[PDB]
Structure formats: C-alpha cells, structure tokens
C-alpha cells in the first residue's frame, strides 16, 4: 500500500507478455485481431489531468485511450469495440479496473496495474485466464 499514484505517471514500454492472446480469445476476440494485437509491443502512457486519469496505449495496430476518475463508474468503449460498465479504484498501491459486461454473451475482466522495483506490471483476468505483462520506463 506504500506506492503512491504519482509513481505511475510516465511512459512505459512492453518488455514481456504471457497469455495475452489467450486472454483475448477468452473475452471473445477473433483470431486475426487477437494475433495482430498480441504481436505488438505497445507504449503505455499514464497521465493525470486535474482529477482525470488517462491510460493511453499506443501501438501500430490500435491506439486505445482510456480516461476515468477513480471510484466513478463509467461506460467504457473497450478496444474490442464492445461497451462495458467499468470502475477503477486505487487499493493498496494498485490500480484495479473492474470491466463489467453489459450483454450477457460478453465477458467481464479485471485489470490490475502495479509497480515493482521500478517496473510496471499488469494482469488482465477473465474467466479461467490471467494474462501477465511487464513494462519498463521509456
């Protein structure tokens, strides 16, 4: 719980990934898209504008910009082009996003972003699948 929110601010480059394509398959992404999305090494930019956070992911395949306020539910248009009811909290040093499905045939996910020894780590969880990603400061 020691890590402060401000330590996340900056630009981060993907250096390792595990189970990302499998995570995308689990949440219903088609083969061509999940293959292409998993081949990239995106840059994640985290910035704070007043009380609005921005987690923007940039890559050759798609740019994904997410804006939110902590503790405030919002409708997220996720990169899979489906809409979700998303809620991001900051708990014990970590950003936790609950991306809740709206349509019953969709899938919900939990995203956790945290810092360890200068690196930024993420997990994306849905159903039986957890994806793990690691980033280094740009």
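Numbering follows the first chain given and starts at 1.
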| item | value |
| --- | --- |
| Selected stretch [higher average CA B-factor]: 71-79 or 84-92 | 71-79 |
| Between 52-60 and 97-105 (mean CA B-factor, as deposited), the higher | 97-105 |
| Candidate residues 36, 66, 46, 110, the one whose C-alpha B factor the record puts highest | 36 |
| Assigned third (lowest, middle, highest) for the C-alpha B factor of residue 131 | middle |
